[PDB]
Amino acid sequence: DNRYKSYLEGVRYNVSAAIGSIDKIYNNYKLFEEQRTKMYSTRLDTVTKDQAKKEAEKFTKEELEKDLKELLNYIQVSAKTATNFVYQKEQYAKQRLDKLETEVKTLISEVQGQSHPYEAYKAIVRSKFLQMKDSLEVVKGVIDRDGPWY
C-alpha cells in the first residue's frame, strides 16, 4: 500500500545516509593517516611537514564520535521501521540492520575509551567497521530494486 511505500522510502533514505557516513569516516581516516605520515616523515622539509600538521590537526575525536552517532541514528531508525519488512520481500534487511546497530554501538563505546584522535580512528576502523559498507549495500540492494534478484 501507500503506507508500505513510505516505509521503504524512509529506510532507503536512511541507509543511503548511513553509507555516506561510512564513506566519510573511512576517507577521513585515510587522509588523516596520509597527513600524519607526512608530518612525521624524515624525508620531508618543514614547510611540507607544517602543512601536513595543520591538515592532520583537523581530524578531531569529537568529529569522529559525532559521525558514528549520526551513523547509529540512521541505522537504528531504519531497523525499527524495518520490522514492517518481516514476512515481505525486503525481510532480509531487518536482521542485517539490527546487527549493524549492535556493531555501531560497539564502535561508539570504543571511541569514548580512547582519548586522542589517531588512536580512536585506529581502534574503530578494523574488521567489523570494514564490513559495514558491504552490509549496508546488501540492505540497499534488498530495499531498492529495479528488477529481479538475479
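Counting begins at 1, following the sequence as shown.
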message = Can you tell me whether 123-131 has a higher mean C-alpha B factor than 14-22 in this record, or the other way round?
response = 123-131
query = Is the mean CA B factor in the deposited entry higher across 45-53 or across 86-94?
reply = 45-53
ask   = When the CA B-factors of 27, 112, 106, 81 are compared as recorded in the entry, which is the largest?
value = 112
task = Pull the Cα B-factor of residue 99 out of the PDB entry and bin it into the chain's lowest, middle or highest third.
result = lowest
note = residue 69: C-alpha B-factor third of its chain, per the entry, is the lowest
